[PDB]
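Undergrad: Show me how the following folds:
(chains A, B, C, D and E, ligands or ions: 2)
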Amino acid sequence: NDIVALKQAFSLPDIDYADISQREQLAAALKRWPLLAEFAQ
Amino acid sequence: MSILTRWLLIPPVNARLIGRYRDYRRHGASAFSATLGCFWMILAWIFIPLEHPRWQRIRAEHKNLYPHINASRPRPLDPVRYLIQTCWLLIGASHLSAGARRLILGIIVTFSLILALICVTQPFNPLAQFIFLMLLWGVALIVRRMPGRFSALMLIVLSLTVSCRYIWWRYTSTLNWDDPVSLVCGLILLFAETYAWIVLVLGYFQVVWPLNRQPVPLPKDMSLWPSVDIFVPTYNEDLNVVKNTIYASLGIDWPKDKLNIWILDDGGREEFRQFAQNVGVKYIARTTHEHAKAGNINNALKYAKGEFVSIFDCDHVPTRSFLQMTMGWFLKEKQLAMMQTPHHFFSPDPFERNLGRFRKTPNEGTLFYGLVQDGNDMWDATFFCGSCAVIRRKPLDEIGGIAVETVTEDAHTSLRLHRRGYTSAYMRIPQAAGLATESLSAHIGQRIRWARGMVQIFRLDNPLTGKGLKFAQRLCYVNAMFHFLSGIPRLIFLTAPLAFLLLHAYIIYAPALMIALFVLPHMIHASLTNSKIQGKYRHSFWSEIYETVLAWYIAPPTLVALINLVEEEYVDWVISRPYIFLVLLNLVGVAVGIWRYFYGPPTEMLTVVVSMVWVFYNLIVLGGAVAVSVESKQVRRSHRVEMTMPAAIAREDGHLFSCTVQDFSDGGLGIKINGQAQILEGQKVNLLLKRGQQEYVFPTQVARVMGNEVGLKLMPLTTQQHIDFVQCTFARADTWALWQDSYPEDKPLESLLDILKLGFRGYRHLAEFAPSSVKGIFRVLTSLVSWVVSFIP
Amino acid sequence: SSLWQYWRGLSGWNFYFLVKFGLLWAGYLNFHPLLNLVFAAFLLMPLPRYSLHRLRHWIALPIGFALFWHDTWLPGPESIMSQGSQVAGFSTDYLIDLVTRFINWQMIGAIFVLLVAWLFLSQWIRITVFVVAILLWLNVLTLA
Amino acid sequence: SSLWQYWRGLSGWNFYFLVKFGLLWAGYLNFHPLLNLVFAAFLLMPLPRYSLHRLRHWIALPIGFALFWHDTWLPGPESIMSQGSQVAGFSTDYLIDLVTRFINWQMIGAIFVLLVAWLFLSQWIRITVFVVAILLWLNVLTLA
Amino acid sequence: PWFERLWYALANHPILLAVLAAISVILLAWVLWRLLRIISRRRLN
Ligand SMILES: Nc1nc2c(ncn2[C@@H]2O[C@@H]3COP(=O)(O)O[C@H]4[C@@H](O)[C@H](n5cnc6c(=O)[nH]c(N)nc65)O[C@@H]4COP(=O)(O)O[C@H]3[C@H]2O)c(=O)[nH]1
Ligand SMILES: Nc1nc2c(ncn2[C@@H]2O[C@@H]3COP(=O)(O)O[C@H]4[C@@H](O)[C@H](n5cnc6c(=O)[nH]c(N)nc65)O[C@@H]4COP(=O)(O)O[C@H]3[C@H]2O)c(=O)[nH]1
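TA: Numbering: from 1, shown residues only, chains lettered A, B, ... in the order given. Ligands and ions are numbered 1, 2, ... in the order given. Please find the structure below.
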């Protein structure tokens, strides 16, 4: 909620935050567990 | 003899007197004091109706509201104090065509300038000047309570008119051309004040319109995002201070295919090499150590291959949003070659640590990184400040890398980039926090290095007279360089009244009333205008304290360059020598002035008062400076940041309890539990921290339990746990912005009261230790009289 | 044992003494310091019961009124009783005009201001002991 | 009551008294220290209910207006009532000239700056005590 | 002597000079505000 706090504090209404750490963790998880990979795609 | 007392005095009153006498004897109070107190009590109760329930109800909460009066500690002249406080309370209150538009602007501007010239150059009689003063001051006060930028411009213009009037009056009808001694020093003061006026005008121009640049959103596709290389140059810092920087860098929300983190080591230390190998970041240890940090960065550039280079200091930890909040503009402006980010210090600065005002007063550097750089942004003069910046490598290769000539290499390379046509930008949101200087000596030294570098740039590159560079950029750079030549004017200001008081020399040949009616509006309007402009950046009357701390140490090196873990509390005598010398000179001046107020000519009655109030202001400033020079206790290995986050604690038996994190450091946390659920001073505890919707677990050991408050010590963490902890405590993109936004506004009167208390505290501090024994007695006498007066306000 | 609450002061009669002292300072009163001191001692002399204190106040109210009337230069009430028939024989309109002319508004305003100042200074100035001291000083002056 | 917490102060009447003092200093006033002191005592009279306080202020407003008119050197109501018809029948130019000669801009500026100073003081320094002290000093000087 | 004449014209008029100074301040503030808005818009593009 840090980005939400920043948006509530100092404007920034159009900067869409790309959390690349979450995406990389999700990709590693999908690679690690074939069940999640099967259900996701 | 008790029978006689019992017969003469009613037994209740006799018992009251005996009990009060015994109580004051047990407390060491004199018997005569008890007799005088009883006499005052009886004479009051008979000459003052203390039976009125109104006064009884007032007395009920008198101790809480007025704790400065003790009923069990009689002192001489207590009724005088009671009457004085009562008198204070009773006194106190409880569009269009091009040619036509240009001609209209011309006529409006010339009319306004003619009116301003008339206002500046109108001689007055004292009553007329006073009416003018009250009217313009009221206009300023009204415009103060009007948010926006138009009000700031109005205050700037009003202040400029008042200051120009003051300078006109000084240059016309204050210089006394009669004496060879009342001339040189008077002109010296006039030149000091003209320099101060020029600095004020250039500062008003510099922050006339902060740009308030906003981040530009990055493209949705992640394949258009550029490659960034992060450099962390280290020379002698311990690994404990660079670990957090590296961990925060490893958690930056940037694609790892396009982010390389480098550790640059000029010490050739093997611990840093092993740490880089363990965490997976790059490492360079150059064999030849030349040009210091600039040379290290150049050698790193010789190997790094990335579109952008971001330089971080060892103690500066970036937030995960740094690159996303920064890189937008580089893809929007192809001419951009440098972006700057504010410097925040979670560690307490020497002023904040020593003077006890850490979260109350704003930091010394938040005026610069909060308003001055934003003002420079408009004129394209935002210069590199060492850390928290991004430089495009293609422009940086054309200029031959980081400039290696001056000791302030960042400003020099930014100046070169601006002189080659490239622009610069500034982003206001604090996305990196560092460690402040651990002592006053460190602050003095770093300021000296900065000033030496700026004067070197002024002498070598000379922004005023060079090659292609806009005039606004020239003005901004020369203002930044002139900021560090203010030591000599400050010394003149601190030593000016001592001229007249010691050696009769009329610096200003005008009646004291006219001096009060002309100098005072200048100061009042400057203070109001700054308080509006630099509102939540710097409190009033504090800039003089910093200036006087720096002046004696910055003036010599700047002039020469122009020509060519606190175990115990202590006072830095070596640092504080100039302040003590100036205090001695000013107080010997005030003794001479006290003599002159009686044995001098009667006509010089108001002039001596003016000189004495000047000396008193000087003494307050120097006392604050001395108060800075006493180092408070510091036994904490890591500095703590006060942040409130909900959390949870896990025990080994499987019970979980909620807690509120109140502060965190590198190796510990401080939490509060409503009721002290279950914890003991050695038990291991798992700490649950949430970053958004994700929860992280960190092993901890309890160090202190004091009721609701519990201190935790972090267990040896793995690399991933270190990264998660940094992302949950330090590298959060909300702590520093809200920290800066929580700074209280500027209240000039409260600020004056705080500075007066600080000076008194510094005098009391020096009333304990003394380098020259003789000074001990004088300091003790001053403190004694001062607290006696404080008790009799 | 709240035996001190029997010596409370002269709150309520302090205005009386202040008005009399002001009239004496203005020369409009024939003052008898001994009688005033006796009256003050009687008022300050305690009585065993609060009801007895109320009875003392009720008795002293006619006494205070008579003392205030006699200290002034007004003629004795016996003459008024004797000449009431003659007064009734006179025209009533002339009497009304005379009594409207006789009243001095300056003294009434001064009395009102003194009452306000006594109600305010009954916060910071206990009027009983000051009145007693002034009366003692006047008695000493008239004795020596 | 036990406290009598009704001495709230002159409040806005401090500016009225300051204006009167300034006009007297200028020399345009026929000052009446006794009437001013009585009016100040009336304004400072403690009242238990706030409704009575408001009613007292409302009643004192026209009384203060009339007192201010009386203390000036302007002609009395008889002349105004006798010459109202003549003023109505006069030409507009004469009335405009009389209005222009009646208004002094220096007086208006002095009153405005005094009001601003009074606002600042009443924010930081209360004025009731000073006004009462000045009125008492003037009364003592006039009587003595 | 023209500056002497101008000074003697407003020798004892503080209210009028305050009004003139306020007028000049407001007008110069407006001109500067317009110019700085223009420069800010050109700067952010
Ligand atoms: N054993 C232990 N106890 C701790 C620790 N942190 C806090 N406490 C306890 O909690 C009290 C409140 O300290 P605070 O809120 O940090 O507020 C502190 C802090 O602001 C300051 N302070 C004291 N010692 C130091 C120090 O070594 N460094 C710094 N930076 N501040 C200190 O003084 C205030 C009062 O501290 P105390 O009078 O000592 O009283 C301290 C102490 O009894 C800790 O790490 N270990
Ligand atoms: N955020 C936070 N961390 C906490 C707290 N209590 C303990 N810690 C952590 O636990 C470490 C050990 O503290 P300690 O055993 O009390 O041993 C402490 C204590 O004896 C002393 N100390 C440090 N600060 C204070 C203070 O403010 N007051 C007092 N009285 N002692 C202090 O110095 C020792 C070293 O402390 P540190 O270097 O800070 O290292 C601290 C810190 O990392 C707490 O309330 N909040």
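
Undergrad: for residue B:524, what are its contacts?
TA: By CB atoms under 8 Å, 6 or more residues apart in numbering or on different chains, the contact list for residue B:524 reads B:137, B:140. C-beta here means a position set from N, CA and C on the backbone, and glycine is covered the same way.

Undergrad: what comes up buried for whichever strand or helix holds it?
TA: Per DSSP states H and E: residue B:524 is located in helix B:512-533. Within helix B:512-533, the residues scored as buried using 16 or more other CB atoms under 10 Å in any protein chain shown are B:512, B:514-519, B:521-522, B:524-533.

Undergrad: centroid residue for chain C?
TA: In chain C, the residue lying closest to the centroid (CA atoms, centre = their mean) is residue C:16, at 3.9 Å.

Undergrad: ok, it to residue B:469 distance?
TA: 92 Å (CB to CB, to the nearest Å).

Undergrad: ditto for residue B:743
TA: Remark: distance between residue B:743 and residue B:469 (CB to CB) = 35 Å.

Undergrad: Could you count how many residues lie near residue 1?
TA: All of this refers to chain A. By other CB atoms under 10 Å in any protein chain shown, 13 other residues sit near residue A:1.

Undergrad: looking at chain B here, not the other one
TA: 5.

Undergrad: separation between it and residue B:26?
TA: Distance from residue B:1 to residue B:26, by CB to CB: 21 Å.

Undergrad: so who does the residue of chain A found nearest ligand 2 touch?
TA: Residue of chain A nearest ligand 2, by CB to the nearest ligand atom: residue A:2 (20.1 Å). Shown in contact with residue A:2 (CB under 8 Å, 6+ apart): B:319, B:321, B:691-692, B:732-734.

Undergrad: Output the longest helix belonging to chain C.
TA: Determined from DSSP state H, the single longest helix within chain C is helix C:50-71.

Undergrad: C-terminal to that one, what's the next element?
TA: helix C:77-89.

Undergrad: got a list of contacts for the very next helix or strand once past that following helix?
TA: Downstream of helix C:77-89, the first helix or strand assigned by DSSP H and E is helix C:92-102. Defining contact as CB under 8 Å, 6+ apart, one finds that helix C:92-102 is touched by residue C:87.

Undergrad: I'd like to know which elements the next helix-or-strand element following helix C:92-102 is packed against.
TA: Remark: after helix C:92-102, the chain's next helix or strand is helix C:105-121, criterion DSSP H and E. Judged by 3 or more CB pairs under 8 Å, 6 or more residues apart in numbering or on different chains; DSSP states H and E, the packing partners of helix C:105-121 are helix C:14-26, helix D:33-43.

Undergrad: List the contacts of the residue of chain C found nearest chain A.
TA: Closest to chain A within chain C is residue C:123: 52.7 Å, counting by CB to the nearest CB. By CB under 8 Å, 6+ apart, the contact list for residue C:123 reads B:49, B:52, B:54-55.

Undergrad: do the longest helix anywhere in chain E and chain B meet?
TA: The residue-count maximum for a helix in chain E (DSSP H) belongs to helix E:14-43. Yes - Helix E:14-43 is in contact with chain B by CB under 8 Å from any CB of the partner chain, via E:14-15, E:17-18, E:20-33, E:36, E:39-40, E:43.

Undergrad: centre of the chain versus that helix, how much separation?
TA: With CA atoms, centre = their mean, to the nearest Å as the basis, helix E:14-43 stands 6 Å off its chain's centre.

Undergrad: and that helix with chain D, contact?
TA: Yes - counting by CB under 8 Å from any CB, chain D has neighbours in helix E:14-43: residue E:15.

Undergrad: close to chain A, is that helix?
TA: No - with CB under 8 Å from any CB as the criterion, chain A is not reached by helix E:14-43; the gap is at least 16.0 Å.

Undergrad: May I see the buried residues of that helix?
TA: E:14-15, E:17-18, E:20-22, E:24-29, E:31-33, E:36, E:40, E:43.

Undergrad: ditto for stretch B:466-484
TA: Residues B:469, B:472-484 are the ones in stretch B:466-484 that count as buried (16+ other CB under 10 Å).

Undergrad: again, but for stretch B:542-558
TA: Of all the residues in stretch B:542-558, those buried under the rule 16+ other CB under 10 Å are B:542, B:544-555, B:557-558.

Undergrad: Can you report how many residues lie near residue 26?
TA: Looking at chain A here, since you left the chain open. Residue A:26 has 13 neighbouring residues, counting by other CB under 10 Å.

Undergrad: let's do chain C instead
TA: Residue C:26, neighbours per other CB under 10 Å, totals 12.

Undergrad: which non-adjacent residue is nearest the most centrally placed residue in chain E?
TA: Closest residue to the average C-alpha location of chain E: residue E:24 at 2.2 Å, with CA atoms, centre = their mean. Closest residue in space to residue E:24, ignoring its immediate chain neighbours: residue B:115 at 3.8 Å, by CB to CB, 6 or more residues apart in numbering or on different chains.

Undergrad: looking at it, the one you found is touching residue E:22, isn't it?
TA: No - between residue B:115 and residue E:22 there is no contact under CB atoms under 8 Å: 9.5 Å.

Undergrad: Counting neighbours, which of the contacts of residue A:2 end up buried?
TA: The neighbour count (16+ other CB under 10 Å) marks B:319, B:321, B:691, B:732-734 as buried among those.

Undergrad: Among the residues you listed, which one sits closest to ligand 2?
TA: Checking these against ligand 2 with CB to the nearest ligand atom, the nearest one is residue B:732 at 15.8 Å.

Undergrad: Provide the secondary structure category for the closest one.
TA: coil (DSSP: H, G, I helix; E, B strand; the rest coil).

Undergrad: quick one: contacts for the residue of chain A found nearest chain C?
TA: Nearest residue of chain A to chain C, counting by CB to the nearest CB: residue A:9, 52.7 Å away. When contacts are counted by CB under 8 Å, 6+ apart, residue A:9 touches B:734, B:737-738, B:741.

Undergrad: Equivalent analysis for residue A:29, please.
TA: By CB under 8 Å, 6+ apart, residue A:29 lies in contact with residue A:36.

Undergrad: quick one: it from residue B:694, how far?
TA: For residue A:29 relative to residue B:694 (CB to CB), the value is 13 Å.

Undergrad: hang on, residue B:309 in a helix?
TA: No - read with three-state DSSP, residue B:309 is strand and lies in no helix.

Undergrad: That one contacts residue B:229, correct?
TA: Yes - at 5.2 Å, residue B:309 and residue B:229 qualify as touching, with contact defined as CB under 8 Å.

Undergrad: Could you name every residue contacting both of these two?
TA: Residues touching both residue B:309 and residue B:229 (CB under 8 Å, 6+ apart): residue B:393.

Undergrad: ranges for the helices of chain A?
TA: So, for chain A - with DSSP H - the helices run A:2-9, A:20-32, A:34-40.

Undergrad: Return the most buried member of those.
TA: Ranked by average neighbour count under the criterion mean count of other CB atoms under 10 Å in any protein chain shown, the helices of chain A are headed by helix A:2-9 at a mean of 16.

Undergrad: Now do the residue of chain A closest to ligand 2 against residue B:433, distance only.
TA: Distance of residue A:2 to residue B:433, computed by CB to CB: 14 Å.

Undergrad: what's the answer for residue B:450, then?
TA: 20 Å.

Undergrad: Settle it for me: which of those two has more neighbours?
TA: Remark: of residue B:450 and residue B:433, residue B:433 carries more neighbours, 26 against 19, as counted by other CB under 10 Å.

Undergrad: I'd assumed that one was in a strand, is it?
TA: Yes - counting by three-state DSSP, residue B:433 is found in a strand.

Undergrad: Could you export the buried ones among the contacts of residue A:2 as JSON lines, including distance to residue D:12?
TA: Listed next are the buried ones among the contacts of residue A:2 as JSON lines, based on distance: CB to CB, whole Å:
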{"residue": "B:319", "distance to residue D:12": "55"}
{"residue": "B:321", "distance to residue D:12": "56"}
{"residue": "B:691", "distance to residue D:12": "59"}
{"residue": "B:732", "distance to residue D:12": "53"}
{"residue": "B:733", "distance to residue D:12": "53"}
{"residue": "B:734", "distance to residue D:12": "49"}
